[PDB]
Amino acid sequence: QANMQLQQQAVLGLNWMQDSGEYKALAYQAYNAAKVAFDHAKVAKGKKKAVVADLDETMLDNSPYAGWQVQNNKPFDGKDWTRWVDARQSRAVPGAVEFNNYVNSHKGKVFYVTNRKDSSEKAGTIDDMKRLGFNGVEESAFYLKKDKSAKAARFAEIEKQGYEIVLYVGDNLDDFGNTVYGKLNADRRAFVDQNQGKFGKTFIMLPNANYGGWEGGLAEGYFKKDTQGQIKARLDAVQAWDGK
């Protein structure tokens, strides 16, 4: 079964994210850099400091859902995801709560720009964030997904309210704008090169070895491929020594 082969390929990275001190250190590193950036951030007169944050694998830890997929040879499925969200068992990414709370209590506002669904996933999301200790989780802080997954229009909506976004936090390049949304990894790496100086300053990265736009970035129409095609795409993407 290709589905088992697909989820087994995620095991080592899942162990790293769930179990390693190294992952935790990377999360602390990101949020420590984020505080410094925020502290230094200069905003135009008349504007207020905004911080834009992704949720999944940035502030909220959904790794147990991935663990359930590994244990049950399951592809990603929307109804399964909703059930996870409603299960209200999300954990916090290390450092995220303290950073969020720091911003909101020091002349800033964190906005949660997230592709959790506004219709069916808002309630579980807000419940979890409250439980985990995130302050300022009132309804208006969230820009949840309606139809589109691209985020720039939501960022623009925030700027319309007289905020200047000083920082973007995420685990996916698409958490920083639309430049490479739906693009292959060559283009995505190019964007990173073009913006090298922004990382750990304006664009704050969290690690995610399990899923993301980089996964779709492995091949044209990757997400339209069947499990075998995705497996083939992954294997074809491997850069290998000739052993000589």
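Sequential numbering from 1, following the sequence displayed.
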query: Average Cα temperature factor in the PDB entry - higher stretch of 95 to 103, 138 to 146; finding: 138 to 146
query: Mean C-alpha temperature factor, higher of 222 to 230 and 9 to 17; finding: 222 to 230
query: Position of residue 210 among the chain's modelled residues by C-alpha B-factor, lowest, middle or highest third; finding: middle
query: Residue 185 - which third its CA temperature factor falls in, relative to the rest of the chain; finding: lowest
query: Relative C-alpha B-factor of residue 46, binned into the chain's lowest, middle or highest third; finding: highest
query: Third assignment of residue 69 from its chain's C-alpha B-factors; finding: highest
query: Where the record places residue 84 (Cα B-factor, split into thirds across the chain); finding: middle
